[PDB]
Amino acid sequence: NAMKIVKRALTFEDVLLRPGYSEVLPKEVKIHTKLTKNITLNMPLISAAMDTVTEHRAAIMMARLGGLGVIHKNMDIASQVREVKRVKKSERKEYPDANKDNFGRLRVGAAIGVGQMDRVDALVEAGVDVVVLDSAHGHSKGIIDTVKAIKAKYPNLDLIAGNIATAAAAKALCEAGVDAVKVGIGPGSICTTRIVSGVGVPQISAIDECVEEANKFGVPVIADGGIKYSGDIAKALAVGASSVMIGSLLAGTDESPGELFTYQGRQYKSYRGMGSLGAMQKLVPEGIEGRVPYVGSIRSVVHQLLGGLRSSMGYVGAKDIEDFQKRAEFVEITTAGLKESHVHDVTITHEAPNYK
Amino acid sequence: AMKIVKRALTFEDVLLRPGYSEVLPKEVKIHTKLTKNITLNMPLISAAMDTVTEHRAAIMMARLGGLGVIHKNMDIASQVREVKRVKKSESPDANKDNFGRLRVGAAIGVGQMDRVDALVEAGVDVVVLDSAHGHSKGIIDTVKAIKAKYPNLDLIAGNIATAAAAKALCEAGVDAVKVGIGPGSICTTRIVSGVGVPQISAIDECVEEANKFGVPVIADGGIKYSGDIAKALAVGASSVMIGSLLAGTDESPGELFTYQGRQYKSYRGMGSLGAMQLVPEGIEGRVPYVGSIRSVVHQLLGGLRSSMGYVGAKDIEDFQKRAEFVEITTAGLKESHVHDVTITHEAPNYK
Amino acid sequence: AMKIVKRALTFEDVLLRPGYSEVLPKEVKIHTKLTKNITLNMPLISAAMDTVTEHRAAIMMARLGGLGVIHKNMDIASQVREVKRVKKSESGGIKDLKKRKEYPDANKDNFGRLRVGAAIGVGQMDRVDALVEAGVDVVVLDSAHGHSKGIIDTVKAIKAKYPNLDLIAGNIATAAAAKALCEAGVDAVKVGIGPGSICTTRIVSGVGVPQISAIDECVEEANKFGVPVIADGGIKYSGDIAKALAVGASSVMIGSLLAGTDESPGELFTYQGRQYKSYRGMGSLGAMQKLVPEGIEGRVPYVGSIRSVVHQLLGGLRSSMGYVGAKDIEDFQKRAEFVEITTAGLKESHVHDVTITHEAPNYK
Amino acid sequence: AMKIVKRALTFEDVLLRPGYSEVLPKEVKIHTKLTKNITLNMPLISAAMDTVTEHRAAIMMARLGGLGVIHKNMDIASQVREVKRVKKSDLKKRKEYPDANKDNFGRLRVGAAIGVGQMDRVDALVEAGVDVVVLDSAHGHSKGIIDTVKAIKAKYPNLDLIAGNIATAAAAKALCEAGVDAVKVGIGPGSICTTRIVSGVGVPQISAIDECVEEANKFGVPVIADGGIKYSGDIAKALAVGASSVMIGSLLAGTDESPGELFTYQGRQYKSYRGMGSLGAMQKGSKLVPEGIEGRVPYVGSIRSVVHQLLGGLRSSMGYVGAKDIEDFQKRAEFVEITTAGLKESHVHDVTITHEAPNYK
Ligand SMILES: CC(C)(NC(=O)Nc1ccc(Cl)cc1)c1cccc(C(=N)NO)c1
Ligand SMILES: CC(C)(NC(=O)Nc1ccc(Cl)cc1)c1cccc(C(=N)NO)c1
Ligand SMILES: CC(C)(NC(=O)Nc1ccc(Cl)cc1)c1cccc(C(=N)NO)c1
Ligand SMILES: CC(C)(NC(=O)Nc1ccc(Cl)cc1)c1cccc(C(=N)NO)c1
Ligand SMILES: O=c1[nH]cnc2c1ncn2[C@@H]1O[C@H](COP(=O)(O)O)[C@@H](O)[C@H]1O
Ligand SMILES: O=c1[nH]cnc2c1ncn2[C@@H]1O[C@H](COP(=O)(O)O)[C@@H](O)[C@H]1O
Ligand SMILES: O=c1[nH]cnc2c1ncn2[C@@H]1O[C@H](COP(=O)(O)O)[C@@H](O)[C@H]1O
Ligand SMILES: O=c1[nH]cnc2c1ncn2[C@@H]1O[C@H](COP(=O)(O)O)[C@@H](O)[C@H]1O
Ligand SMILES: [K+]
Ligand SMILES: [K+]
Ligand SMILES: [K+]
Ligand SMILES: [K+]
């Protein structure tokens, strides 16, 4: 065969975690983790850098709950600075797991593009905790040059770069000096990249390959995109990602940007790809414009997502994420296994808060 | 370097090969072991769910030769009453104790020794120790406490889905292990937590280990059609536990209701919000009304008899020794169902 | 430690690779063998079902060059009457010039009478005797489970009593079963446990073998005895006929594609301003009212005459043989190379991304 | 036992892996070979179908850098007339179409389909100035095709000749040895095609391209991947596998330029789209049973807007792979095989689409 097929790649729906002997209840497990080599999270969730997901309200709530929000970059420098500053002056025992810097202020992230040094300058002055250098194709000279230039001017600024989906890409970014890599080419709910360009790696195999390489450098992996249910968070972490970035599951909350609207008797919010026409008009598109149901507060969403993670860790018998990653074992399943895993042969009559 | 230990299969992935047969479906024998010490005349058990089994369903299961497990979503006195109703019902296939009284089971959870005490005094035949995660310190310590206090009480524990878990429960002294993490029709465990094992591979793995102890395996959850029962027993389960196929019956708890011109009964997971009243592991639903348990069980056991006839098996143990499987594809599964023809008459065993 | 023999494939899992061809579809030969002793001029048999084959359908199947098998869900006198109607439709001494010009490929016995088959069950020796006396050309011994003592004993009794009667027996799905029936003296084995459109056996009993692998395994054993294999059930499209024959079947038995025709028994009816005929498994409750059912009761769209259906089915086979370069069915089996496909490959193979606005005569 | 040669994959079974890139999508080169002797500025060819390509579609495809193939479901004189219209096709146009695919005289290039043994048709198309003849059969790997290739190359040594369709390495070898200038690969993948269902014959398109490219490269002969392209990503996969150009039917059938009528049905505009082996197409020509259907596709506007989106997807793909040009694309490309769940992850999922996207239906 002329064509080079390197592996058969799996994603979340193709695998399940095996139960393990457990001496710990879900409410007892520890779910803190690392965002970067130098920044910890108290809970492993990050809200996506998207203009229908994270501005200051979402970033504040995510940090209060122990995680992180990344302010999107589809705004001018001054507006983004204003958003970072609003998170940073936000700060109450209602939030005992709040993720704070050494001064007691909430952590926040902010996204940047290739070559946007003036923006990096402004965000550093505004007190940003981590810069997220994002591009459709992180394994690129433009990205690596920007990494090198930022770490040369701000040696102690935590820098996350992405997105990537190969071991070669993880090595290249780790060698350029990043503090974490963000993995995900194509898995996003609103993403058409794989369909429009033919490029991508199914998300489980992409995490697995990139974690194996990035661990050789001590660099955490953020699993970005494709999370549909709380069970997918556990699988992403068990394969070895240090944290998970989520868009669609948070787009429908009070705190995300944009107003509620009603369609056919039910309430929704807009949710769209940053590579969709609408977002780019604020080169051919790699995302769509859509809607997601309204699901209330980020707090109630996060409670269900982490409840599922805790249940998963109790089933596996892990006391914390490190132990979860060391001892998780998987089985590969079939299409019929997946059908068996969902609800089947019964008509759901009541909504469940964690299953749609 | 992720640890995938196995490609795991479930019911729809496999079929039984026919073998040379000298037996007609009429003639095969379908008795089996529930526990090390209790035999069933038919290998079907109704699920311990508050939309499936109270006394009326348990009575009919035992009269037909199997067993009902009274659910534990009720206080102790209520469950004792349900047990006494079944034992008091009477005193050719009926599953009876040494006094001519129907046999019945009853579910308990961890740290419920007072419920065990009352159920034993009420004459329960078997206690079913029921957890979302059987392979845990709480369950193992509860098994050891029950067997130390009641050496001669048959104890079933679950649920599990690995060889290591079957070993642990068998070493602690259970009389049967119940296998099934995630296969249930109303179950969302695998979606909410990412954990589970497709039911065929889980039975296969647990049987191999439990056989070392002479301990039967109960295949719990995921049975959709009667062929699923045949497959589970052929792989080596000694009995099968069924929820959804029995919940739309006259005998299950709860009332008929009508929706869009046709009748239903509620059916819900014991880890759904409704049953527990939180991060649920089940949903609340409805199933079509299908008449009496008698007519359902007749169809289910009819399928099992046909299967044993096709395989040439005189009885369950011979069925397990003779069974050979093929793995099939999605195209093979579509070929197996009805295809390319519009069904006009609802068929008593295929829906 | 559960014993999985193999991964088994059915029609939609495979495709034939094109091969170098020097023949056009109108030039290929499609005659074949029904049994060791009976030839067909085309490779199609209508199912022994009370919604498919009674005398009218059997007369048409024979005129077109194949065979019809009269079902057995009737008393002996009624099945004799059906067989005689086929045997008396035509004869060597009656020069029906119309029928002889329209149907030049008609499949006839040595007296110039249309051939016909008839179904029997285990131990129905009285029915066999009456069918022989009626002039039946081949007896089809049907059971849900051909690989059984009851069937093998029936085969040995029939072959002892009528050594020259061609006898088909089924249904089977393993090589061991084919070996057992061939050693017992059958003239052809009929393969298919579970593939039928109206069949629920695999779902109700968990027992079956996907049809391509089942044919493949039984052909390899039956060929050792010179015994033809009949692929019975699960044919959805003309391409499935080609695949079945290419894998090694000598003929194919079809139910649902022939049930909605003028010639099948049963009356046209209308559902929501559309015409249908009934089509039901012989193991359905309706058919058995005459233990738990192994089929359903259904309807299929009315499609006109058996002639236009068969014309399309054989046109697809001829095309297939042209693509392989096969001059005849045995050449087809010796040339044929398959590929295994995926789910996406099956999607690609069907019509996709286009709304169909006209009925194609061979694609529904 | 039966002989299964391999497990065959098509477009939805595979994805391209990203590679290290120093190039942006607007900088990559998408020039490619049509035959041994003719190049395209862009690798797209409109299908030789009577609902896709007559002179108007061929003019636009050539103006955008590719090619149109005039279908053969018409008499010789009608097909000569369509070819002449393209060849007869002001100085502003040269500004607006700076990538036009022209012959030596500055006329738009055009192809035309012929059938087995149709030497009279070849003679008339050559005198009309056709740039390439596409010898097309349902079954290219046949004595009839092979003898016609030989007779055409004997009589017109300098006429570029594409032959198809094929799906195996043995077939590419036979056509290359008989002297074709490109082979066209595709048995069964077409949107409107029922060949694999009617006859059971075919090879999933990715494996078919891959097998034919390996053999045809030994003769320096380009492969045209014909059929089954649903999205722009499929074009990228086909080229990365080793195809030199891609032939497109359904994605161009609902354009202004395709022949046949815009009509409205239930508030939406469509155009007819049908297989050349459908009953309607063959009754036009007027015996073999059909190997295609008759349908309709939504109206999508101009060919230019469609082509812009398709090539934008190709450029993006080459940027992800790090490829500066098509040959570099093919050398660098590495694939993964995916599952049905992988394909579901790849599409839009768990969100309702509320706005039209120009490259994703
Ligand atoms: C602009 C657009 C539509 N596409 C690209 O920039 N494509 C792209 C860029 C570089 C290379 Cl070498 C190849 C392709 C975009 C915008 C915002 C987000 C994304 C996205 N896919 N994020 O994950 C994409
Ligand atoms: C309560 C709830 C919703 N979940 C759990 O208890 N989860 C759970 C328990 C222990 C551990 Cl270590 C991990 C997870 C439940 C209630 C009833 C039944 C089930 C069920 N999954 N099978 O019966 C679950
Ligand atoms: C009666 C019924 C419903 N089932 C059986 O007779 N079952 C059966 C027979 C023997 C053995 Cl050992 C095992 C199972 C039936 C009637 C007519 C046709 C079929 C059928 N499956 N044909 O392919 C089945
Ligand atoms: C006419 C028809 C329906 N079929 C054939 O000509 N079949 C065919 C020809 C030769 C051989 Cl040896 C085998 C089969 C057709 C018409 C137009 C296009 C096609 C088609 N499949 N193109 O790819 C087919
Ligand atoms: O339009 C785009 N094209 C491709 N990927 C995108 C686009 N916009 C956002 N993303 C990615 O999709 C992720 C969200 O995935 P989700 O959680 O599945 O909704 C984000 O964190 C980005 O990495
Ligand atoms: O809500 C729950 N979550 C997970 N599993 C459940 C829940 N409730 C009942 N089950 C299991 O599902 C089985 C019934 O499955 P069914 O026969 O497929 O409907 C029961 O016997 C239990 O083992
Ligand atoms: O009810 C039944 N159960 C199982 N198989 C049946 C039954 N009735 C007929 N068959 C088989 O199904 C075949 C027809 O399949 P079809 O062509 O796919 O509809 C017949 O030739 C029989 O072998
Ligand atoms: O009716 C037919 N039967 C089979 N293939 C056809 C027929 N008509 C056109 N084709 C092929 O299908 C291709 C178009 O496929 P599409 O781009 O997927 O719509 C054409 O270029 C031909 O190769
Ligand atoms: K489930
Ligand atoms: K079937
Ligand atoms: K097709
Ligand atoms: K996607």
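Quick note on labels: first sequence line is chain A, next is B, and so on, each numbered from 1. As the structure lists them, so they are numbered: ligands from 1, and atoms in each ligand from 1. Because only heavy atoms are used, hydrogens play no part in the values below, and waters and symmetry mates are left out as well, while side chains stay in.
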For D:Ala182, which residues count as a side chain to side chain contact (heavy atoms under 4.5 Å, CB included) partner, sequence neighbours excluded? D:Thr35, D:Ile162, D:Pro222, D:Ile224
Write out the residue and atom name of the closest protein heavy atom to atom 21 (N) of ligand 2, then the distance separating them to 0.1 Å. B:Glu281 OE1, 3.0 Å
Quick one: which ligand 2 atoms are inside 4.0 Å of a heavy atom on B:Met270? 17 (C)
Note the single closest protein heavy atom to atom 19 (C) of ligand 2, along with its residue, its atom name and the distance in Å. B:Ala132 CB, 3.7 Å
Has B:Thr189 got any heavy atom lying under 4.0 angstrom from an atom of ligand 2? yes
Apply side-chain contact (heavy atoms from CB on, under 4.5 Å) to residues C:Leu15 and D:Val201 and explain how you reach the verdict. CA-CA 5 Å; C:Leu15 293 171; D:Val201 169; over 6 Å; no
Considering non-hydrogen atoms of the protein only, which is the closest contact for atom 15 (C) of ligand 2, and what is the distance? B:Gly271 CA, 3.9 Å
Going by atom types only, do A:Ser22 and B:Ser136 share a side-chain donor-acceptor pair under 3.5 Å? no
Logged contact type for B:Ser131 with ligand 2, heavy-atom cut-off 4.0 Å, is neither
Heteroatom proximity flag, A:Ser311 to ligand 2, N/O under 3.5 Å: no
Please determine if B:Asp130 and B:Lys178 form a salt bridge, counting it only when a charged side-chain N lies under 4.0 Å from a carboxylate O. yes
For residues 265-279 of chain B, which side-chain N or O atoms pair as donor and acceptor with protein atoms under 3.5 Å away, sequence neighbours left out?
from	atom 1	to	atom 2	distance (Å)
B:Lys265	NZ	B:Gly254	O	2.5
B:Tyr267	OH	B:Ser244	N	3.2
B:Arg268	NE	B:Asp50	OD1	3.1
B:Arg268	NE	B:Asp50	OD2	3.4
B:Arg268	NH1	B:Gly274	O	3.4
B:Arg268	NH2	B:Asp50	OD2	2.7
B:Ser272	OG	B:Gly269	O	2.6
B:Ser272	OG	B:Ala275	N	3.4

Without swapping roles, check the side chain of A:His344 against the backbone of A:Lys339 for a donor-acceptor pair under 3.5 Å. no
Please verify the inter-ring angle class for B:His135 with A:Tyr21; under 30° counts as parallel, over 60° as perpendicular, anything in between as tilted. tilted
Side chains of C:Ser319 and D:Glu291: is there a donor and an acceptor less than 3.5 Å apart? yes
A:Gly314 neighbourhood, listing ligand 2 atoms whose heavy-atom distance to it stays under 4.0 Å: 12 (Cl)
So which heavy atom in the protein is nearest atom 1 (C) of ligand 2, and how far is it from that ligand atom? B:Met276 CE, 3.8 Å
Is it true that the side chains of D:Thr10 and C:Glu348 contain a donor and an acceptor less than 3.5 Å apart? yes
Partners passing side chain to side chain contact (heavy atoms under 4.5 Å, CB included) against B:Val110 (at least two apart in sequence or in another chain): B:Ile139, B:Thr142
Considering the heavy atoms of B:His133, write down every atom of ligand 2 situated less than 4.0 Å from one of them. 12 (Cl)
Show the nearest heavy-atom pair for residues D:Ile197 and C:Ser349, with the distance to one decimal. CG1-O, 3.8 Å
Heavy-atom contacts with ligand 6 below 4.0 Å: which residues, ordered by chain and residue number? B:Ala47, B:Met49, B:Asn159, B:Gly184, B:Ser185, B:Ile186, B:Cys187, B:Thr189, B:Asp220, B:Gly221, B:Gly222, B:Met241, B:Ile242, B:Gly243, B:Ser244, B:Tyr267, B:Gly269, B:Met270, B:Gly271, B:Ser272, B:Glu281, B:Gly282
